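Chemist: generate a structure from the sequence data that follows.
(chains A, B, C and D)
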Protein chains: 4
Amino acid sequence: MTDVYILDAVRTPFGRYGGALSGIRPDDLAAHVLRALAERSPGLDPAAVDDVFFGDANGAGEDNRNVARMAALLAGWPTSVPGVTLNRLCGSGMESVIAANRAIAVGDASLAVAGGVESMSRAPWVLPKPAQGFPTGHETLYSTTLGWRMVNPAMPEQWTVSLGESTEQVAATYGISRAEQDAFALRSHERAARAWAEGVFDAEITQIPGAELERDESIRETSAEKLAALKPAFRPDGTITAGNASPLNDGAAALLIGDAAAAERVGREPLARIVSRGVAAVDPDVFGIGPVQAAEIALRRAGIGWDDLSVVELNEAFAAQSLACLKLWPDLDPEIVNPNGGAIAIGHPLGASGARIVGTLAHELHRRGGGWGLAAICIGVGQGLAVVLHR
Amino acid sequence: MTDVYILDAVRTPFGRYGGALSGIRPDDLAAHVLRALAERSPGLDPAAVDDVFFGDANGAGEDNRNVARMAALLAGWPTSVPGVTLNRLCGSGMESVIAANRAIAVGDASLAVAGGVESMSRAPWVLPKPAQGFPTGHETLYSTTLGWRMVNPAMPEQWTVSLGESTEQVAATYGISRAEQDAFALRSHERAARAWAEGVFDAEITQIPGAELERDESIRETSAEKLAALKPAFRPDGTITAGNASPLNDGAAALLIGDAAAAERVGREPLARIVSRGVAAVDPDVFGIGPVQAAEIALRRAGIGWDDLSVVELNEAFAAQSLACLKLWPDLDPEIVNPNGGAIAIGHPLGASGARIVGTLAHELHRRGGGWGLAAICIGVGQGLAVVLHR
Amino acid sequence: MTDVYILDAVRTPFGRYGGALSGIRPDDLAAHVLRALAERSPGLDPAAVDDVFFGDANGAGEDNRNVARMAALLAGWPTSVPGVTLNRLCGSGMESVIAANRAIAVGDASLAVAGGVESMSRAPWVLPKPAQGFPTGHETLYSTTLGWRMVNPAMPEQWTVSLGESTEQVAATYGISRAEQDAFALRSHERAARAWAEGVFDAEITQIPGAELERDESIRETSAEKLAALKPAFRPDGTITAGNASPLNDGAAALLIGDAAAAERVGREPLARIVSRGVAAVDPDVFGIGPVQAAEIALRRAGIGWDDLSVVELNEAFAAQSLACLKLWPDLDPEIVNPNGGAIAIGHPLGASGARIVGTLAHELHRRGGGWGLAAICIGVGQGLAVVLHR
Amino acid sequence: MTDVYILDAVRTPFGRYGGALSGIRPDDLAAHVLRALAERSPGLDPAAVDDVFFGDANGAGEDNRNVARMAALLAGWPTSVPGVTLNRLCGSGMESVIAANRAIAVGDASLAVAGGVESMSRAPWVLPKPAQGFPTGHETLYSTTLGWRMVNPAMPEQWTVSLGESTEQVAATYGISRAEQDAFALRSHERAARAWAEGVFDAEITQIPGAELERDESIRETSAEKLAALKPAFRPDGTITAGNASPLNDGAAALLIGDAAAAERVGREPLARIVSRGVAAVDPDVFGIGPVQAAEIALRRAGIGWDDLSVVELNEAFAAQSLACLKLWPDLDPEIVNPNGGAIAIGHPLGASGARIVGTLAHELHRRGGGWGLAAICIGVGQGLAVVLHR
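Modeler: Residues are numbered from 1 along each chain as shown, chains lettered A, B, ... in the order given. The coordinates are given below.
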């Protein structure tokens, strides 16, 4: 068993849906963070990368046929660098971290890239082919942007509710009121904006040439009254709104991950050690609390408890979802949960988010001069991933 | 690091394109082999599955949004069973074995499923969204069935050549003659048909109710004459034909993978131990020989040489590709390669293939009363995977 | 008013949906009947054709952009020959007859072609474009084969019911039983088969080279018992079946129409005079009876009554629709309706039907040595057209 | 032979492509001008309309399935009002005037509506259907906005050149210089801008509630220099530009057309009498001059020469086209041509244009206290229509 380190973590600013990165193909987003990784580490010879992992919740569009591999090629890396793309929907970026982590831990790799990428803007349509010639009926052109598509008839209907509907149920079940959601959403915008303004993300940001963003595009100067005025998006009497739900976003993130040997090879002091990982799945209709058990597992494997954490990166698919996770965990000091904001403000380009929050967890642990960090991400269809870092 | 075993390995017969499985949604194919794994192992409580890994080279269709998870839900498994879908194109099924292997080896899991699924028949169309309203020109509706789509303008042209064109290049470069390819293709059909007839595949086969197959549908009674008569598929003067290339196919394979504790929990004797794996990447236009270093790496990691192998599953993307791999492995006896035929005859549903050949390797080593096995699979954009098994 | 004659009338056999003409582009269907008209009248100089009218209820596919003109060009006809395509849905082929008839009657033309064409097999899909970039939702890919599509929200819902649903209501309203409908459907098949067998359609048939049909493909050897066994197509308790409804079909018909000057110029003895025409419109949900008033109008304008008709060509959209028209035409002897069968058996390639029945009415009148004929056709959104012929 | 009058003529302003009317479904555009005809003539009982004719060059989208009928229904006219849609491409709106004219002239109708409608913004995509199940290669999704689509392989290539390219050859063949075209284009903008400002179109305009247009949206304040600055749109060395070519446009136009009895019944004094019409067809590649013979025919049928005309509405598909027509009408004083501008400035929503220019001509003739007017329109696959009016 080999210790595994985040050597570097970088990501584009996240574009909002149809926003500043909506013109950037997802394979180019992935290629770009790879480029950025190589740029950021002159001691990194890309040929030394044993495998490139990219989380990608879609892949039907321009990121098709294994975006990790395409990205390495597009980044100008040697064709000897393998790549694999992983889909654990919303958590795919953290799955790729875990996948790379495992590859190195078992000695299959010394140096790996774990990225995540989503262009939700350029999520294409998918049209099923007819099984017979001259189909007569109207077909559905499925948008891959959001939600279920080409739903299996045998799939229990209660599991195919929208993520927002599921999260409404979770909010109702766990008593996550609209005000707590909006308070959590507001804090996300406040901390994300402050983190950006104070240069907190400078360490982890690569700008797309010609598509620069001063900060994550979904970050707003908003207010409790502004969020309170929004209409519910999933139920007429609902609590989830566009303001306390994550946006749909574009972006990519990539982490350089190696063992101690790779760290010296590349010439980089690890941001943090990947200690442990956890995965959990729940009823799809409460997917937002998917990470609850995953985080418990990761913490236990790391030999620590909630009190040992100095940073929690809990991906904010929805304020309600994040709050429900927090309600199922021991009280965490608010200051440590998404200290620099989260996906409500920063954006949630599915494949990218799980890599981003591990990467920014690592940077944050580096800024704090050490400590235990937990990154946890809920997944659609009811899963959760968690990674424990230690600097 | 824990020893990891293939506890069971099952697959559907593979349907040919538009063939006997073409009416079965790929998420249903994956769900079927999961159901079959649970039926096959009465001591398997599906709640014991820590993760479900499915290789899937496509996933834009009915298998969208993490088919591994979809499959587990569709199989009636507890919502607690997580699922992750991996794309290393044609090697995805073996990537997923390796993913599962690593998860258990590091102790993140004790029991896992590593499957692969592809419905190449039902590979949908993909239509990119317009960035602007009221686009004016004719658009391309991309088929996801084969080859490149929504090609990045920056992707080197030489790397986007068709798999067959690349294999023609590899055939020429390594002197793989048309007769040699067709001899290898003929042997694939003969061995596959014989294996079916002699019950060799009964250990690994699950029938789809209502879509049963007497044998893998692409298996033909054929001859050197019939093969030599075929027109070239990729060049007027070419060597690759429909006959010495794998078909496009539909199928799923799934392996129950566990450590010793899982084997005891599930009450199953390991078919074989997963000893090691390799990954390699090469110029995309020589993808056919992608497995070469991967096998070498895997063998090195397993502490064995080619002489120690008693079975090799070399996935038969193209006879020429496969023969080129054997040439670059001079020390390998070609008569222990694909003893029961391969993908030329059995079919090549991309995502399932890498799982199938590991699974059938395990069964073969079980039939032979033990020994070292190598499974190797080339991947389309210049990659290769290899797994070494020991019973 | 100038007297206007049907100089010739030809049609392809009608192929069944996805049947023998499904490989023929509709513009080629139309061009073929133009070539046939030209072949059939050696005295016809195509340059003498003042205008080509084609009924076509679709036109979204390969018959797009004025199939009439396209067909004239594809038929080798001089570029001097104008062409116009008319859509009065199911009655479009009769509309073009009337259009040609009017053009000549007023002296805008002396010689015209009135055709109708439909390739219901090749009826394409229509995808509306997004008004903004990066559309988010699932879109409908509308089949143009059948029914309403791209339905205006403001269209009264009662009017957007399917033709079969509407005709179920009409069947209930007018007491047209299942057995009555099947008897009329049987009658259609028997008379159509008999007409073909006896060479009655030889006078009007042109065969597509390479897609020849022994007879109209939808004609079957059926029986009261087979028809009674058929399941209802539009309600669990309904009376309309696939057997007592017209099929979906492909086919083209074209009539050479001219005044006496044209008749002499072309060297053709008129089959029949086009005496009069009627149009009417009803609630879309009783479209089946749209012809009722249209026929009354045409009869009144011809100065004749139901008494005086020796042949009625009532397009058989549905047995129940045709029977309802008969009930509402109590002075009409049902016996003289569709003596050579109708669309239930011959097929109903929308655009072609209204021209076919006028052309076959002219031939029948010719066979009978003269008399008054009425052709009437119901139209999908609540219309009806009728033409009175006299030889 | 009954005298036939334009009793009213109305149109929407024309929005440009993607412009102010781009949110209005074409059937609603058509329905709107119908509602306006009813609103404008309170003596009009819409049930008195015997037939509604609409030119529509597309019909693939929301105006599918006989937009004339659909529009009558959507306008809330009695379901007894029939409707028919006509496609002679660019000339469809004039075809429909002619169709209504003929219906009344022969006594089939007393009161008719002749409309034209086009939403080129909302021109949908069409996807041909597979003849066989599970098609495998990329497909073309055809836009119906402009030009040829689903081209017949048997159509001579010479006839499938774009409209711009054809007009380039015509402009070359008839020595129509860039400057001459731009002068004509400038003049169209100047006269159309002036006509709007002076209130000239107020008599014929109906605004779409919520989509009001101060004037036709393609009218611009332009200049000889701005037009001279434009780059050629169809050849490197070309003379045709986006500025001397019509735009793509949305709009609808509708004429209330009746005999003297209808005029008295609706309580409307005729704007003009429809005296005659012409149709002609030419080689597709010189379609711009299609109207030339059509106008000659119509004049000769009206008993007049060019000298007699006080107004000519020549549809401006291209300045070069329009000038070549003028060139071939040597006895036509070009200064009476499009006195209020033309399609270069007003816009060219194909199906609407032929109705608009007849309608505008009627209004202009009314505005001048009588006279002879000619409307002519070239048509894309080599045709032309002409209508002679007289007040």
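Chemist: show me what from the stretch 51-200 of chain A comes close to chain C.
Modeler: Applying CB under 8 Å from any CB of the partner chain, one finds that the stretch 51-200 of chain A approaches chain C through A:121-122, A:125, A:127, A:133-143, A:145-146, A:149. Using the backbone N, CA and C atoms, a C-beta is placed for each residue, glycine as well.
Chemist: just the residues you listed: which are in strands?
Modeler: Taking DSSP state E, the ones among those that sit in strands are A:125, A:127, A:139-143.
Chemist: keep those, but drop any that are not near chain B.
Modeler: Applying CB under 8 Å from any CB, the subset of those adjacent to chain B comprises A:125, A:127, A:141, A:143.
Chemist: mind giving me the PyMOL select for those, buried ones only?
Modeler: Of those, the buried ones go into a single PyMOL selection, burial set by 16 or more other CB atoms under 10 Å in any protein chain shown:
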select buried, chain A and resi 125+127+141+143
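Chemist: and the residues of the stretch 51-200 of chain A next to chain C, which of them are buried?
Modeler: Counted by 16+ other CB under 10 Å, those give A:121-122, A:125, A:127, A:133-136, A:138-139, A:141-143, A:145-146, A:149 as buried.
Chemist: ok, which of the residues you listed also contact chain D?
Modeler: Contacts with chain D are made by A:127, A:133-135 out of these, judged by CB under 8 Å from any CB.
Chemist: now those as TSV including distance to residue C:245?
Modeler: Shown next, in TSV, are these (distance: CB to CB, whole Å):
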residue	distance to residue C:245
A:127	29
A:133	22
A:134	18
A:135	19
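Chemist: okay, the ones in strands among the residues of the stretch 51-200 of chain A next to chain C in a markdown table with distance to residue C:279 next?
Modeler: Converted to a markdown table, those look like this (distance: CB to CB, whole Å):
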| residue | distance to residue C:279 |
| --- | --- |
| A:125 | 41 |
| A:127 | 39 |
| A:139 | 35 |
| A:140 | 37 |
| A:141 | 37 |
| A:142 | 42 |
| A:143 | 43 |
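Chemist: closest to residue B:315 out of those?
Modeler: The closest of those to residue B:315 turns out to be residue A:127 (CB to CB; 29.9 Å).
Chemist: now do the helices in the stretch 151-300 of chain A.
Modeler: Along the stretch 151-300 of chain A, counting by DSSP state H, counting those that start in this stretch, helices occupy A:163-173, A:178-197, A:224-228, A:260-266, A:290-302.
Chemist: which residues sit against the third one?
Modeler: Looking back up the chat, that one is helix A:224-228. Outside helix A:224-228, the residues that touch it by CB atoms under 8 Å, 6 or more residues apart in numbering or on different chains are A:178-179, A:182-183, A:185-186, A:241, A:243-244.
Chemist: would you mind listing the buried residues in it?
Modeler: So for helix A:224-228, counting by 16+ other CB under 10 Å, buried means residue A:227.
Chemist: likewise the last one?
Modeler: For helix A:290-302, a neighbour-count test (16+ other CB under 10 Å) marks A:290-299, A:301-302 as buried.
Chemist: likewise for the fourth one?
Modeler: When neighbours are counted by 16+ other CB under 10 Å, the buried residues of helix A:260-266 are found to be A:262-263, A:265-266.
Chemist: pretty sure residue A:148 is touching residue A:159, no?
Modeler: No: judged on CB atoms under 8 Å, residue A:148 makes no contact with residue A:159 at a distance of 9.0 Å.
Chemist: enumerate the residues of the stretch 101-250 of chain A near chain B.
Modeler: A:102-103, A:105-108, A:122-129, A:131, A:141, A:143-144, A:148-150, A:152, A:154-156, A:159.
Chemist: residue numbers of the stretch 251-391 of chain A in contact with chain B?
Modeler: That would be A:277-284, A:301, A:379-383, which are the residues of the stretch 251-391 of chain A within reach of chain B (CB under 8 Å from any CB).
Chemist: mind giving me the PyMOL command for buried ones among those residues?
Modeler: In PyMOL syntax, the buried subset of those is picked out as below (16+ other CB under 10 Å):
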select buried, chain A and resi 277+278+279+280+281+282+283+284+301+379+380+381+382+383
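Chemist: quick check, nearest of the residues of the stretch 251-391 of chain A next to chain B to residue D:85?
Modeler: Among those, and counting by CB to CB, the member closest to residue D:85 is residue A:380, at 46.0 Å.
Chemist: now for that closest one: which residues touch it?
Modeler: Here residue A:380 is in contact with A:89-90, A:163, A:284, A:287, B:65 (CB under 8 Å, 6+ apart).
Chemist: same question, residue A:369
Modeler: The contact partners of residue A:369, taken as CB under 8 Å, 6+ apart, are residue A:391.
Chemist: for the one 5 residues further on, same thing?
Modeler: With CB under 8 Å, 6+ apart as the criterion, the residues that contact residue A:374 are A:295, A:298-299, A:309, A:311-314, A:361, A:386-389.
Chemist: related to what we said a few turns ago, wait, which of the helices of the stretch 151-300 of chain A is closest to residue C:230?
Modeler: Nearest of the helices of the stretch 151-300 of chain A (CB to CB): helix A:163-173, 42.4 Å.
Chemist: send me the closest one as CSV with only the CA atoms.
Modeler: Included here for helix A:163-173 are C-alpha records, laid out as CSV according to Å, rounded to 0.1, in the frame of the first residue of the first chain:
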residue,chain,number,x,y,z
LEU,A,163,-33.3,16.1,-8.4
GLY,A,164,-35.2,19.1,-7.3
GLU,A,165,-38.3,17.1,-6.5
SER,A,166,-36.2,14.5,-4.6
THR,A,167,-34.5,17.4,-2.8
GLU,A,168,-37.9,18.9,-1.9
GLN,A,169,-38.8,15.5,-0.3
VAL,A,170,-35.5,15.5,1.5
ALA,A,171,-36.1,19.1,2.6
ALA,A,172,-39.5,18.1,3.9
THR,A,173,-38.3,15.0,5.6
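Chemist: that's all I had, so thanks and see you.
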